[PDB]
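Here is the naming used below: chain letters follow the sequence lines, and residue numbers restart at 1 for every chain.
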There are 2 protein chains.
Amino acid sequence: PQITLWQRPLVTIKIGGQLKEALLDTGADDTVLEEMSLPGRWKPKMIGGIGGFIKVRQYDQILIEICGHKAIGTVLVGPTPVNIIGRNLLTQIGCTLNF
Amino acid sequence: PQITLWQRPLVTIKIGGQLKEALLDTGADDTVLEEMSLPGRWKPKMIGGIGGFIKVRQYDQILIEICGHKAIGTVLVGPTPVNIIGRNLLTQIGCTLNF
Ligand SMILES: CC(C)(C)OC(=O)N[C@@H](Cc1ccccc1)[C@@H](O)CN[C@@H](Cc1ccccc1)C(=O)N[C@@H](CCC(=O)O)C(=O)N[C@@H](Cc1ccccc1)C(N)=O
């Protein structure tokens, strides 16, 4: 679909058997999700945003369905205020910016 | 133009007589620029991102040229790591996400 930006570009994602709402964020290199139930191994990692840094658990090759489109990639889980879908997954579903 | 997301969506903006590079950020409600020389009056404000909160200065009805498209709106100036063009200005240049 084509999404305009008058409202936050929130979409429905399915990950780890669960349904959640997430923000399509072109300004994020990574995908960061609020604390959640994910199976598998994971390695520590620190990331930065406006505000400072947070520590997150890095999960690789995680299946995620974004607005019906499937993608497999790195997902980070930590103290983020909102679920953020970053460029690592946005490219996977062929998402572009247009004006 | 159409912008893919394999690389950060960095564009040239002209604001306050100066040329700068900024990130098109669909995940930002506001436009936040690194410390810069801007004329006029401004109000204090606090904003949050992933990481925490920063104090910035709020300038209204400021003229900004984004990739050649002009727009007038609120711009915030503070301790941000990168210049961020948020939805308040992205809607003005008719920018949309597509997939
Ligand atoms: C997510 C991560 C992988 C860590 O990348 C970034 O932080 N990327 C940021 C760009 C960047 C690149 C390189 C280095 C540094 C920063 C930006 O795209 C992040 N987009 C969202 C991510 C986010 C949203 C919500 C919560 C936490 C984090 C954002 O900060 N949005 C801010 C942008 C600044 C602004 O608009 O003022 C925003 O809209 N903040 C709102 C909403 C809000 C309220 C309270 C807390 C947090 C957020 C606000 N008015 O404060």
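Across A/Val82, A/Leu5, A/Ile85, the residue that shares the most heavy-atom pairs under 4.5 angstrom with chain B is A/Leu5. Across A/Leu24, A/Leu10, A/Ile47, A/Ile54, the residue that shares the most heavy-atom pairs under 4.5 angstrom with chain B is A/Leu24.
With a 4.5 angstrom heavy-atom cutoff, A/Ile84 touches chain B only via side-chain atoms. The contact between A/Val32 and chain B is made entirely by side chain atoms (from C-beta outward), counting heavy-atom distances below 4.5 Å.
Of all heavy-atom pairs between B/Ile93 and A/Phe99, the closest is O-CB, 3.4 Å. Considering every non-hydrogen atom in both B/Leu97 and A/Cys95, the closest pair reads CD2-SG, 3.7 Å. A/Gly49 approaches B/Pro81 most closely through the heavy-atom pair O-CG, 4.3 Å.
Hydrophobic clustering (side-chain heavy atoms under 4.5 Å, transitive across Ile, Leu, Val, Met, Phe, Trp, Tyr) groups B/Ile62 together with B/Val77. The same ILVMFWY cluster, assembled from side-chain heavy atoms under 4.5 Å apart, contains both A/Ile50 and B/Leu23. In terms of hydrophobic clustering, with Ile, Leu, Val, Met, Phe, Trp and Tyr side chains grouped at heavy-atom distances under 4.5 Å, A/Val75 and A/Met36 are assigned to a common cluster. Transitive grouping of hydrophobic side chains (ILVMFWY, heavy atoms separated by less than 4.5 Å) brings B/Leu90 and A/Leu90 into a common cluster.
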Please tabulate the donor-acceptor pairs under 3.5 angstrom that span chain B and chain A, backbone and side chains included.
residue: B/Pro1; atom: O; partner: A/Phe99; partner atom: N; Å: 3.0
residue: B/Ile3; atom: N; partner: A/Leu97; partner atom: O; Å: 2.7
residue: B/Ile3; atom: O; partner: A/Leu97; partner atom: N; Å: 2.7
residue: B/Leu5; atom: O; partner: A/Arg87; partner atom: NH1; Å: 2.7
residue: B/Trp6; atom: O; partner: A/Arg87; partner atom: NH1; Å: 3.4
residue: B/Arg8; atom: NH1; partner: A/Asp29; partner atom: OD1; Å: 3.2
residue: B/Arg8; atom: NH1; partner: A/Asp29; partner atom: OD2; Å: 2.8
residue: B/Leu24; atom: O; partner: A/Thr26; partner atom: OG1; Å: 2.7
residue: B/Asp25; atom: OD1; partner: A/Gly27; partner atom: N; Å: 3.4
residue: B/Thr26; atom: N; partner: A/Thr26; partner atom: OG1; Å: 3.0
residue: B/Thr26; atom: OG1; partner: A/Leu24; partner atom: O; Å: 2.7
residue: B/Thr26; atom: OG1; partner: A/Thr26; partner atom: N; Å: 2.9
residue: B/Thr26; atom: OG1; partner: A/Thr26; partner atom: OG1; Å: 3.2
residue: B/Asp29; atom: OD1; partner: A/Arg8; partner atom: NE; Å: 3.2
residue: B/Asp29; atom: OD2; partner: A/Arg8; partner atom: NH2; Å: 2.7
residue: B/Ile50; atom: N; partner: A/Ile50; partner atom: O; Å: 3.4
residue: B/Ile50; atom: O; partner: A/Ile50; partner atom: N; Å: 3.3
residue: B/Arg87; atom: NH1; partner: A/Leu5; partner atom: O; Å: 2.8
residue: B/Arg87; atom: NH1; partner: A/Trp6; partner atom: O; Å: 3.3
residue: B/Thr96; atom: N; partner: A/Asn98; partner atom: O; Å: 2.7
residue: B/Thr96; atom: O; partner: A/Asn98; partner atom: N; Å: 2.7
residue: B/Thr96; atom: OG1; partner: A/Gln2; partner atom: NE2; Å: 3.4
residue: B/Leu97; atom: N; partner: A/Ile3; partner atom: O; Å: 2.9
residue: B/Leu97; atom: O; partner: A/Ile3; partner atom: N; Å: 2.9
residue: B/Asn98; atom: N; partner: A/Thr96; partner atom: O; Å: 2.7
residue: B/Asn98; atom: O; partner: A/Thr96; partner atom: N; Å: 2.7
residue: B/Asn98; atom: OD1; partner: A/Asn98; partner atom: ND2; Å: 2.6
residue: B/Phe99; atom: N; partner: A/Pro1; partner atom: O; Å: 3.1

